[PDB]
There are 2 protein chains.
Amino acid sequence: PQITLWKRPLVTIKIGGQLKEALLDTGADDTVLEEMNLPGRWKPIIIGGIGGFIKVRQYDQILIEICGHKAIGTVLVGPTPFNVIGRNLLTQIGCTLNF
Amino acid sequence: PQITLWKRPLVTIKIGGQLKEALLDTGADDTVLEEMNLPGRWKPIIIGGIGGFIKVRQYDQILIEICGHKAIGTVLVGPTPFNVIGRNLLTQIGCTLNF
Ligand SMILES: CC(C)CN(C[C@@H](O)[C@H](Cc1ccccc1)NC(=O)O[C@H]1CO[C@H]2OCC[C@H]21)S(=O)(=O)c1ccc(N)cc1
């Protein structure tokens, strides 16, 4: 699908059997999601943006279905105000910016 | 132009006669730029992000030429770690996400 940016580019994602909504965020290097449980080993890491930094748990090689498109990659879990799908996963589904 | 997301979608902007590089940030409602003089009036405001909030000065109806495309809209000026072109201006140049 093509998506215009008049409204927030929100899409439905399915991860770990859960349904959620997330931003297609071209300004995000990595994918950050609200608090939730995921499988495997995770390591504590810290990410930052506008306003400061937060503490998240890094899960690697996590399967996600972003608007029906599958991708496996790193997923950070922590107190983010919004679920954002970063470039690490946007690349996997072949998303591009066009103007 | 189409733009892949394997590297940060940086583009050159011309604003107030100055040249700068900025992110095409679909996750950003509005445009936020590093400190700089913007001829005209403004009002103090506060935007929030991943890990906190910053104090920025709001300028309205500011001309920016993004990657050769002209647009006029609100531009926030403050201690942002990076210059990001938000949806308020991305819509003006007809930017879309495609996958
Ligand atoms: C909080 C988000 C929903 C929206 N943000 C834009 C987002 O793309 C920022 C834009 C951004 C980019 C670089 C530095 C600061 C902010 N990136 C970000 O927070 O990503 C973090 C997770 O992945 C990592 O990638 C870099 C930062 C980390 S934001 O910076 O807070 C923002 C909010 C409001 C406006 N008008 C403009 C920008």
# chains A, B, ... in the order shown; residues from 1 in each chain; ligands from 1
$ closest_atom_pairs --of "chain A" --to "chain B" --cutoff "10 Å" --atoms "only C-alpha atoms" --output "JSON lines"
{"residue": "A:1", "atom": "CA", "partner": "B:99", "partner_atom": "CA", "distance": 5.7}
{"residue": "A:2", "atom": "CA", "partner": "B:98", "partner_atom": "CA", "distance": 4.4}
{"residue": "A:3", "atom": "CA", "partner": "B:97", "partner_atom": "CA", "distance": 5.0}
{"residue": "A:4", "atom": "CA", "partner": "B:96", "partner_atom": "CA", "distance": 4.9}
{"residue": "A:5", "atom": "CA", "partner": "B:91", "partner_atom": "CA", "distance": 5.8}
{"residue": "A:6", "atom": "CA", "partner": "B:91", "partner_atom": "CA", "distance": 6.2}
{"residue": "A:7", "atom": "CA", "partner": "B:87", "partner_atom": "CA", "distance": 8.2}
{"residue": "A:8", "atom": "CA", "partner": "B:27", "partner_atom": "CA", "distance": 7.3}
{"residue": "A:9", "atom": "CA", "partner": "B:26", "partner_atom": "CA", "distance": 7.2}
{"residue": "A:10", "atom": "CA", "partner": "B:27", "partner_atom": "CA", "distance": 9.4}
{"residue": "A:22", "atom": "CA", "partner": "B:27", "partner_atom": "CA", "distance": 9.9}
{"residue": "A:23", "atom": "CA", "partner": "B:27", "partner_atom": "CA", "distance": 6.3}
{"residue": "A:24", "atom": "CA", "partner": "B:27", "partner_atom": "CA", "distance": 6.6}
{"residue": "A:25", "atom": "CA", "partner": "B:27", "partner_atom": "CA", "distance": 4.3}
{"residue": "A:26", "atom": "CA", "partner": "B:25", "partner_atom": "CA", "distance": 5.1}
{"residue": "A:27", "atom": "CA", "partner": "B:25", "partner_atom": "CA", "distance": 4.3}
{"residue": "A:28", "atom": "CA", "partner": "B:27", "partner_atom": "CA", "distance": 7.7}
{"residue": "A:29", "atom": "CA", "partner": "B:8", "partner_atom": "CA", "distance": 7.5}
{"residue": "A:32", "atom": "CA", "partner": "B:50", "partner_atom": "CA", "distance": 9.4}
{"residue": "A:47", "atom": "CA", "partner": "B:51", "partner_atom": "CA", "distance": 8.4}
{"residue": "A:48", "atom": "CA", "partner": "B:51", "partner_atom": "CA", "distance": 6.3}
{"residue": "A:49", "atom": "CA", "partner": "B:50", "partner_atom": "CA", "distance": 5.6}
{"residue": "A:50", "atom": "CA", "partner": "B:49", "partner_atom": "CA", "distance": 4.9}
{"residue": "A:51", "atom": "CA", "partner": "B:52", "partner_atom": "CA", "distance": 3.6}
{"residue": "A:52", "atom": "CA", "partner": "B:51", "partner_atom": "CA", "distance": 4.4}
{"residue": "A:53", "atom": "CA", "partner": "B:51", "partner_atom": "CA", "distance": 4.6}
{"residue": "A:54", "atom": "CA", "partner": "B:51", "partner_atom": "CA", "distance": 5.3}
{"residue": "A:55", "atom": "CA", "partner": "B:51", "partner_atom": "CA", "distance": 9.1}
{"residue": "A:67", "atom": "CA", "partner": "B:99", "partner_atom": "CA", "distance": 9.8}
{"residue": "A:69", "atom": "CA", "partner": "B:99", "partner_atom": "CA", "distance": 9.0}
{"residue": "A:79", "atom": "CA", "partner": "B:50", "partner_atom": "CA", "distance": 8.4}
{"residue": "A:80", "atom": "CA", "partner": "B:50", "partner_atom": "CA", "distance": 5.7}
{"residue": "A:81", "atom": "CA", "partner": "B:50", "partner_atom": "CA", "distance": 6.3}
{"residue": "A:82", "atom": "CA", "partner": "B:50", "partner_atom": "CA", "distance": 7.9}
{"residue": "A:84", "atom": "CA", "partner": "B:27", "partner_atom": "CA", "distance": 7.6}
{"residue": "A:85", "atom": "CA", "partner": "B:27", "partner_atom": "CA", "distance": 9.2}
{"residue": "A:86", "atom": "CA", "partner": "B:5", "partner_atom": "CA", "distance": 9.3}
{"residue": "A:87", "atom": "CA", "partner": "B:5", "partner_atom": "CA", "distance": 5.9}
{"residue": "A:88", "atom": "CA", "partner": "B:6", "partner_atom": "CA", "distance": 7.7}
{"residue": "A:89", "atom": "CA", "partner": "B:5", "partner_atom": "CA", "distance": 9.4}
{"residue": "A:90", "atom": "CA", "partner": "B:5", "partner_atom": "CA", "distance": 7.0}
{"residue": "A:91", "atom": "CA", "partner": "B:5", "partner_atom": "CA", "distance": 5.8}
{"residue": "A:92", "atom": "CA", "partner": "B:6", "partner_atom": "CA", "distance": 9.4}
{"residue": "A:93", "atom": "CA", "partner": "B:99", "partner_atom": "CA", "distance": 6.5}
{"residue": "A:94", "atom": "CA", "partner": "B:99", "partner_atom": "CA", "distance": 5.3}
{"residue": "A:95", "atom": "CA", "partner": "B:99", "partner_atom": "CA", "distance": 4.3}
{"residue": "A:96", "atom": "CA", "partner": "B:4", "partner_atom": "CA", "distance": 4.8}
{"residue": "A:97", "atom": "CA", "partner": "B:3", "partner_atom": "CA", "distance": 4.9}
{"residue": "A:98", "atom": "CA", "partner": "B:2", "partner_atom": "CA", "distance": 4.4}
{"residue": "A:99", "atom": "CA", "partner": "B:95", "partner_atom": "CA", "distance": 4.5}
$ residues_around --residues "residue 57 in chain B" --least-positions-apart "6" --cutoff "10 Å" --atoms "only C-alpha atoms" --output "list in words"
residues 32, 33, 35, 38, 41, 42, 43, 44, 45, 46, 75, 76, 77 and 78 of chain B
$ residues_around --residues "residue 39 in chain A" --least-positions-apart "2" --cutoff "10 Å" --atoms "only C-alpha atoms" --output "ChimeraX atom specification"
/A:16,37,41-42,59-62
$ closest_residue --among "A:31, A:58, A:74, A:12" --to "ligand 1" --atoms "only C-alpha atoms and all ligand atoms"
A:31
$ select_by_dssp --residues "chain A" --states "alpha helix (DSSP H)" --output "list in words"
residues 87, 88, 89 and 90 of chain A
$ select_by_dssp --residues "chain B" --states "strand (DSSP E)" --output "count of residues only"
52
$ closest_residue --among "A:40, A:15, A:72, A:34" --to "ligand 1" --atoms "only C-alpha atoms and all ligand atoms"
A:34
$ atom_distance --atom1 "atom 12 (C, counted along the ligand's line) of ligand 1" --atom2 "CA of residue 30 in chain A"
10.2 Å
$ residues_around --residues "residue 14 in chain A" --least-positions-apart "3" --cutoff "6 Å" --atoms "only C-alpha atoms" --output "VMD selection string"
chain A and resid 18 to 19 64 to 65
